[PDB]
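Next up: a single chain in structure tokens, the form deposited in one PDB entry.
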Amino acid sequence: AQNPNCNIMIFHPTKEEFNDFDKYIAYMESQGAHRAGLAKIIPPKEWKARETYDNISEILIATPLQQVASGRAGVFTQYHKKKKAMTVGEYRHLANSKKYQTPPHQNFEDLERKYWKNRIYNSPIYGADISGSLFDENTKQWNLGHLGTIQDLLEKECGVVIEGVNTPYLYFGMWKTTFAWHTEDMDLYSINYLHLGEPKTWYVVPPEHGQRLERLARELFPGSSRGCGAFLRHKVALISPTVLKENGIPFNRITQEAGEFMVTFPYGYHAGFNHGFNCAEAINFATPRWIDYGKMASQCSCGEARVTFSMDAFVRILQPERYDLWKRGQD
């Protein structure tokens, strides 16, 4: 069995190996990459996502989110308070202000220490889930706006034609902006490209150990657990590496820098934070190996998780028994 300790693997494809996306994903899995839940892909040196980022300031963040924390430093929830619209140029200036900017630090480890010590005492503003792309249309390799769609994968594998579309999303971050512990909708893959700016630190639990994280989360967030049998789908709960180590949960960590891709694999729980002003692009995708994970994915039916139009069909075809109750949650 390849990668039996479930370490995060890092890949350096050549320009020739960068042509066929599906084939490279299947290669990475042949080497065991999926066992970690997360992999890093460093693009060939010849490749570029676009020529420059000099003209992005007029993108609108229509609903910036202020991430307000509650709890203790290592075990907290966050709620998202909606703020007034602002441009990317305005958001960048805000990120760089004395109130919100990255503090002085020695290296990524010192910054990680400061994040876990101090996150709860501040409320950084995140521009999340903005439909759009920063890949140039002429970029033919690993262009997250030109991937094969999940609806077409389900059709190729299972023969059933369904409605829905699959498009990318932009994330504009600042120091302390936080992504809570989650897997993807329907336990899909994700791919994330850091277009510009400061790094993003990731934490991940191997898929084969995801239920260990779920059981800890039910202990640590006991009212949320009683409210919903899949409450990590709400994307609000944080648990620090120190707490995970104290409770024996297997995990790994890695820092993504500008110019690098990360892939999350089906049922790989992940969480993390941004080091300073940055812009990432991400999208979900599927392969043949995902289909069995989709059939088994938990669902939020309490009504909190409220998700895309396209997830309807996935539930309807892969989880017909749940369909009824899950749709009660979504209406």
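We number the residues from 1 along the sequence you see. What we label the rigid core is the largest C-alpha set whose atoms superpose within 1.5 Å from one form to the other. Only residues modelled in both forms are compared.
Omitted from view is the form deposited with a partner chain bound, to which the following refers.
K.L.:
From the list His80, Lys114, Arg92, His195, which entry has a heavy atom within 4.5 Å of the partner chain in the deposited complex?
P.N.:
Selected residue: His80.
K.L.:
Using heavy atoms only and a 4.5 Å cut-off, determine which of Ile41, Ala282, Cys300, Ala69 is in contact with the partner chain in the deposited complex.
P.N.:
Looking at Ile41, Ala282, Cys300, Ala69 one by one, just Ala282 meets the 4.5 Å heavy-atom criterion.
K.L.:
Test of understanding: in the deposited complex, would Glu163 fall inside 4.5 Å of the partner chain by heavy atoms?
P.N.:
Although the partner chain is absent here, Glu163 would touch it in the deposited complex, with heavy atoms inside 4.5 Å.
K.L.:
Decide whether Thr178 counts as a contact residue for the partner chain in the deposited complex under a heavy atom distance cut-off of 4.5 Å.
P.N.:
Residue-level check for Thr178: yes, a contact with the partner chain.
K.L.:
Can you tell me whether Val315 touches the partner chain? I mean in the deposited complex, with a 4.5 angstroms heavy atom cut-off.
P.N.:
No - in the deposited complex, heavy atoms of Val315 and the partner chain never come within 4.5 Å of each other.
K.L.:
I'd like to know if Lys295 sits close to the partner chain in the deposited complex, meaning any non-hydrogen atom pair within 4.5 angstroms.
P.N.:
So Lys295 does not count as contacting the partner chain.
K.L.:
Are all three residues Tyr169, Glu184 and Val236 in contact with the partner chain in the deposited complex, where contact means a non-hydrogen atom within 4.5 Å?
P.N.:
Yes.
K.L.:
Which of 253-261, 129-137, 97-105, 213-221 has heavy atoms within 4.5 Å of the partner chain in the deposited complex?
P.N.:
Of the options given, it is 129-137.
K.L.:
Using the rigid core as the fixed frame, list which single one of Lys48, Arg289, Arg306, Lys295 shifts its Cα by at least 2 angstroms between the shown form and the other one.
P.N.:
Shifted by 2 Å or more: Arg306 only.
K.L.:
Given a superposition on the rigid core, I'd like a yes or no on whether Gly159 shifts its C-alpha by 2 Å or more between the shown form and the other one.
P.N.:
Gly159: C-alpha displaced by 2 Å or more between the shown form and the other one.
K.L.:
Using the rigid core as the reference frame, would you say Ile317 shifts its C-alpha by 2 Å or more between the shown form and the other one?
P.N.:
Comparing forms between the shown form and the other one, the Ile317 CA shifts at least 2 Å.
K.L.:
Please determine whether the C-alpha atom of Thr149 is displaced by 2 Å or more between the shown form and the other one following superposition on the rigid core.
P.N.:
After core superposition, the displacement of the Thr149 C-alpha between the shown form and the other one reaches the 2 Å mark, so yes.
K.L.:
Do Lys295 and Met311 move together or apart in the deposited complex, judged by C-alpha distance changing 3 Å or more?
P.N.:
It is closer: the C-alpha separation of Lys295 and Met311 falls by at least 3 Å in the deposited complex.
K.L.:
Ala271 to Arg322, Cα distance in the deposited complex relative to here: closer or farther, by 3 Å or more?
P.N.:
Distance between the C-alphas of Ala271 and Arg322: longer in the deposited complex, by 3 Å or more.
K.L.:
If you overlay the rigid core, what runs of at least 3 residues show Cα shifts of 2 angstroms or more between the shown form and the other one?
P.N.:
The segments that shift (3 or more residues, C-alpha shift of 2 Å or more) are 149-165, 225-227, 306-331.
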